[PDB]
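To start, the structure itself, in structure tokens.
A note on names: the letters A, B, ... follow the listed sequences, proteins ahead of strands, and every chain is numbered from 1. Just follow the structure's listing: the first ligand is 1, and inside any ligand the first atom is 1. Atoms considered below: every heavy atom in the structure, side chains included; atoms not considered: hydrogens, waters and symmetry mates.
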Amino acid sequence: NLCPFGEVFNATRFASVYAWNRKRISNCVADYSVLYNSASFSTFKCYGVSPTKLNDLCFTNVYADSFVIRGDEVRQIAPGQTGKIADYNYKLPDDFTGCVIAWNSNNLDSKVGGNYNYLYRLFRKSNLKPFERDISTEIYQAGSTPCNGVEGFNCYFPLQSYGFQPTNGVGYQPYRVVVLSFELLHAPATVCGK
Amino acid sequence: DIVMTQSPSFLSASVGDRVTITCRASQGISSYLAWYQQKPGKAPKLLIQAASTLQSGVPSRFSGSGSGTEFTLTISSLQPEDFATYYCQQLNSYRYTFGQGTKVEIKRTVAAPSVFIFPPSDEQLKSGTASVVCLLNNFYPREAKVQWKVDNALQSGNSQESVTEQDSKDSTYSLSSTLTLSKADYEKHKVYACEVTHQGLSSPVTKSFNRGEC
Amino acid sequence: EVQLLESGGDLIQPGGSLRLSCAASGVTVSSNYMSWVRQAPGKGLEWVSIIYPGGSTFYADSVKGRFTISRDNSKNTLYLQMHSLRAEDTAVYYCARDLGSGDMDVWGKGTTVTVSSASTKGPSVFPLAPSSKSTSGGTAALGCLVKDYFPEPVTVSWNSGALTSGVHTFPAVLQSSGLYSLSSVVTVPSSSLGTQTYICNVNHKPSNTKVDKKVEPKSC
Ligand SMILES: *[C@@H]1O[C@H](CO[C@@H]2O[C@@H](C)[C@@H](O)[C@@H](O)[C@@H]2O)[C@@H](O[C@@H]2O[C@H](CO)[C@@H](O)[C@H](O)[C@H]2NC(C)=O)[C@H](O)[C@H]1NC(C)=O
Ligand SMILES: [Cl-]
Ligand SMILES: [Cl-]
Ligand SMILES: [Cl-]
Ligand SMILES: [Cl-]
Ligand SMILES: [Cl-]
Ligand SMILES: [Cl-]
């Protein structure tokens, strides 16, 4: 059977980056020719692997992580980056082995009055670890007094909304991102190419 | 990148007026805009964030609105403590770009400047430099043009000028313009003049002197 | 209450180094987006540097590679370490708390940094003599030119404070020499030119300079 990459790339709804979605891909033949022969991607950067030479490799597991961020922020989905997205939403390791794929989705993820269904984490005491997913909504304590789950001064809701409107500049328009992680453990390799 | 153009640079209003300040971004920034108020010698004060959220405690006068590429700050009823400089700031940007600022000043009636020109003193000339000073006294509005002329040649590049803040009593401005030449250059020419154009003058006023003649 | 108290600003030569401190109360520096923002004399606001709650730091292009932002949790204090200072770094420097998106609600009072090669010098005071063709029965202008001093400020009075009406002391301008210059003027009734003495009193504390300049009508 063929790997369900279509379910990830062509999904109707994408996740907010703070609650990024992960699809675990196993026991299937992966046809990567569908991806690198597509003229619909604006970002296609791979680390520790060649895209065209991917059909000749077997891996134990493949992970497909997907979410929506700003075009300004696609540069943060890479090893060794800092910023609100890399620090507090989605973090790649230094030794990352995989591919980061992105494309403009302003036609889908922006509404006339402004789309607010897409959120990102703005406040967090410390940086995320690689592949860490934080979905907490706890009120953030920016000062001395405890918040007790009530908003107010020095007590902020940790998530912020993107303002995706069609009139935004490219760097502020929504982009859908798919991160492929390639994992080679001391187990049977279940994801190969042709 | 995104350039924030804030207009106008100077705005004259009266107490109780409705004031509109405009901040234009070179492309769409959704609602990512903040407004600040700053008075002379004080730190800026946050008024509105996210283009339409009045910060807590700021009086109901200040109103922020606008979306996409044109944003406005609206002061519904200007009070005496609102004469200040206002700044817009692009939010959620790598650059933290500020606007150039809008100074809101006290409106009054037009007043023509009294113009005076001063030759360099003999004491300064002994030191090798000649400063020629043109004074524009108690005028309104602030827009005024000073053209230095030396033997009828329009001078540019060798003068500096300075304007006072609005007088606490009559809300006028005063301006000083200094033309700086070496003593050698000063002594190669005879007629020194500053020509002043201002809304309160039906035609440009020129004050002049001849070097060497009392 | 909530306050940011910055210090460390000073006069320093180009190529010098300076550390600014910002002690906070009512806000936890390590838990906040904290920024430095500066304002050159007579200009607008310029963001300088920011440190995220998680520790990431970012810088404006004009200061990159020269300034470093840091903080001390135990002292609840923000810092700005400045190296290889330039004349264009001259500004009032504010520390501010950033609510997250760049909208800063808590500001300090600011500390003043001056970067200049100029030597401290007291001003020359030259008279701006009242014109001989003063309006008959009208108003005459006279004053003092306070030239080539450093650093700011100077103070000017007239007749030891006895003359205040009609006085305009202008903002100083920075000449290309790096030295400041200003003028102070007063309008008086033309009739008083022959009987009332006018003296401008100039004080420049950094050079311990005190100068009284009698301003008289010029004789042929
Ligand atoms: C994601 O979908 C695209 C497009 O799918 C096709 O077009 C849609 C409008 C709809 O009609 C679908 O049912 C179609 O299958 C895929 O790109 C197409 O792939 C097919 C087969 O490989 C090819 O014949 C088409 O020419 C391709 N379209 C374009 C515009 O190039 C794409 O492969 C899908 N992604 C994944 C990961 O499967
Ligand atoms: Cl990193
Ligand atoms: Cl004007
Ligand atoms: Cl003369
Ligand atoms: Cl820390
Ligand atoms: Cl520490
Ligand atoms: Cl003074």
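By the side-chain hydrogen bond (donor to acceptor under 3.5 Å, both in side chains) test, C/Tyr59 pairs with no residue at all, sequence neighbours left out. Judged as a ring pair (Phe, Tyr, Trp, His ring centres under 6.0 Å), and not counting sequence neighbours, the contacts of A/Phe9 are A/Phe41. For C/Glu216, the side chain to side chain contact (heavy atoms under 4.5 Å, CB included) partners two or more places apart in sequence, or in a different chain, are C/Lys214.
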For ligand 1, which of its N or O atoms have a protein N or O partner closer than 3.5 Å, and how long is each gap?
from     : atom 1 : to      : atom 2 : distance (Å)
ligand 1 : 2 (O)  : A/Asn10 : OD1    : 3.3
ligand 1 : 2 (O)  : A/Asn10 : ND2    : 2.3
ligand 1 : 35 (N) : A/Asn10 : ND2    : 2.9

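A cation-pi arrangement is not found for A/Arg70 relative to A/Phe164, the charged atom failing to lie both closer than 6.0 Å to the ring centre and inside a 45° cone about the ring normal.
Residues C/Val113 and C/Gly9 approach most closely at CG2-CA, 4.0 Å, considering heavy atoms.
For the side-chain hydrogen bond (donor to acceptor under 3.5 Å, both in side chains) test with C/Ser183, the passing option among B/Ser176, B/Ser177, B/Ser162 is B/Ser176; the others fail.
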